[PDB]
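Numbering of residues begins at 1 and proceeds along the displayed sequence. All heavy atoms count here, side chains included; hydrogens, waters and symmetry mates do not. All ligand and atom numbering here is 1-based and tracks the order in the structure.
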Amino acid sequence: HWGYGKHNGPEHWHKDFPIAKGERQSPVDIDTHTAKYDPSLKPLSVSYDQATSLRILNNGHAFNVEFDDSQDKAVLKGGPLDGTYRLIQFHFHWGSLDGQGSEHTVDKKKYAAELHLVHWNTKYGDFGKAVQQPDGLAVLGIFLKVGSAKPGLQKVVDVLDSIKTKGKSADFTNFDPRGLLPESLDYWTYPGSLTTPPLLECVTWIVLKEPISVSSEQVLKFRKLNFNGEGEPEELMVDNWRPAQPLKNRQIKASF
Ligand SMILES: CSc1nc(Cl)c(C=O)c(Nc2ccc(S(N)(=O)=O)cc2)n1
Ligand SMILES: [Zn+2]
């Protein structure tokens, strides 16, 4: 199966998932000087006040914090988007070292990690249907740099010991994802894809300009997770990021 190792990593994915070499793959490098300010772009509407988190799962690639998406509870609208997108899960990508881990890069700069808040377009009724549509998903990407701790991240960090290995889950109710946002909602946006198999070209990417700061201890604890299942040799869950892909025939737009 696909993963992040030398034998099953990003360079291999195209064999099972030929769309890996497609026309709108993610992530990409964001060249800040080439991104054009689009005055037609609206402010981003992030409405997470009624978010209902349920569970946290180690899926063998990262960990997902899952939400109740059976009602309009936590929704993303505005910005480049037409309509309403429901929050289904968030997860992170991170490195073995503070100098790598993000999927998107900014003028080739790699951040220590990247948070993805995954939302699906309600006009398609469910997530499975949404991923089959060019405008099916909106993923809000937020960079993490190492510095001061992010207090709103600590509840996530502290539960990781209970989901160390692939397939483990834990109850994760009453988590407020508003605590993971930076101050500014200034963003870049472009049409792209899922950054893991199946690599479907169904995502409007919205990447925030302002990173959040997390502590070295917080990211250290991400790095204690395992790709492997319980009772299997330990493979630390690190470097679970896909490199920047060719921009091809795309423009990145800036809201600012
Ligand atoms: C990771 S296993 C996996 N498998 C399947 Cl079958 C799907 C189906 O959609 C999926 N979703 C997914 C959602 C968001 C992102 S990202 N990194 O672009 O935000 C990547 C994968 N992930
Ligand atoms: Zn992701």
Side-chain angles (χ1 to χ4, degrees), residues 1-5 8-10 12-13 16-20 22 24-30 55-67 69 74 76 81 85-95 100-105 110-121 124-144 156 163 165-169 177 180 187-208 211-212 222 225-229 235 237-245 250:
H1 297 270
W2 72 268
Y4 290 98
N8 66 355
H12 289 271
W13 295 349
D16 274 337
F17 306 94
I19 202 169
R24 56 175 281 186
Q25 290 290 292
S26 293
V28 299
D29 180 57
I30 300 165
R55 192 180 73 144
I56 191 173
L57 169 72
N58 180 333
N59 71 358
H61 304 294
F63 62 85
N64 292 346
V65 172
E66 300 162 352
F67 290 80
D69 68 345
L76 185 68
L81 308 170
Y85 291 71
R86 280 180 194 166
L87 179 66
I88 178 166
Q89 56 105 323
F90 72 75
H91 61 272
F92 301 81
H93 305 258
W94 63 91
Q100 65 200 233
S102 69
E103 300 210 297
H104 294 89
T105 56
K110 294 176 169 73
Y111 285 87
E114 189 173 328
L115 164 62
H116 290 160
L117 294 132
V118 181
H119 313 75
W120 57 272
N121 195 327
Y124 302 121
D126 72 62
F127 178 89
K129 284 282 165 285
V131 298
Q132 302 178 60
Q133 318 304 324
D135 60 351
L137 296 193
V139 184
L140 181 58
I142 304 177
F143 295 118
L144 280 62
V156 175
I163 59 154
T165 50
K166 175 174 59 181
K168 284 191 166 185
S169 67
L180 299 176
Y187 65 87
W188 297 283
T189 184
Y190 75 96
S193 77
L194 306 178
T195 67
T196 70
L199 299 168
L200 296 169
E201 291 180 336
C202 62
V203 181
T204 300
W205 277 96
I206 300 165
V207 179
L208 298 190
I212 60 165
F222 281 20
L225 288 163
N226 284 184
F227 285 130
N228 55 284
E235 306 173 70
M237 185 179 279
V238 294
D239 292 320
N240 58 353
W241 50 279
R242 189 192 197 191
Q245 299 301 305
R250 293 179 287 179

What protein heavy atom sits nearest [atom], and how far away is it?
atom	answer
atom 14 (C) of ligand 1	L194 CD2, 3.7 Å
atom 2 (S) of ligand 1	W2 CZ2, 3.8 Å
atom 10 (C) of ligand 1	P198 CD, 4.3 Å
atom 3 (C) of ligand 1	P197 O, 3.8 Å
atom 1 (C) of ligand 1	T196 OG1, 3.3 Å

Using a 4.0 Å heavy-atom threshold (strictly under), name the region of [X] that reaches ligand 1: side chain, backbone, both or neither.
X	value
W205	side chain
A62	neither
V139	side chain

> Given the side-chain rings of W188 and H104, with only the six-membered ring counted for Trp, is the space between their centroids under 6.0 Å?
Replying inline: no
| request: Could you go through the salt bridge (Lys or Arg N to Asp or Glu O under 4.0 Å) check for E201 and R24 one step at a time? | output: CA-CA 6 Å; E201 291 180 336; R24 56 175 281 186; 5.2 Å; no
Please report whether ligand 1 has a polar contact with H93, defined as an N or O pair separated by less than 3.5 Å (distance criterion only).
yes
(request) Please indicate whether any nitrogen or oxygen in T195 is less than 3.5 Å from any nitrogen or oxygen in ligand 1. (result) yes
Test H61 against every option in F227, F92, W2 by the ring-ring contact (aromatic ring centres under 6.0 Å, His included) rule and name the one that passes.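 Going through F227, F92, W2 one by one, the ring-ring contact (aromatic ring centres under 6.0 Å, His included) with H61 is satisfied by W2 alone.
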Pairwise distance [atom1]([X]) to [atom2]([Y]) - rounded to 0.5 angstrom:
X	Y	atom1	atom2	result
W120	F127	CH2	CZ	10.0 Å
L137	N121	CG	CG	8.5 Å
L81	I206	CG	CD1	4.0 Å

Neighbouring protein N, O or S atoms of the Zn ion (ligand 2), below 2.8 Å
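Under the 2.8 Å cut-off, the count stands at 3.
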If we number the atoms of ligand 1 from 1 as shown, the ones under 4.0 Å from a heavy atom of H91 are 16 (S), 17 (N), 19 (O)
Under 4.0 Å from one or more heavy atoms of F127, ligand 1 contributes atoms 8 (C), 9 (O)
For the residue pair [Y] / [X], report whether a side-chain donor-acceptor contact shorter than 3.5 Å exists.
X	Y	value
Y111	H93	no
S26	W205	yes
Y4	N240	no

Would you say [X]'s side chain and [Y]'s backbone share a donor-acceptor pair under 3.5 angstrom?
X	Y	result
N58	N226	yes
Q245	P243	yes
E114	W94	no

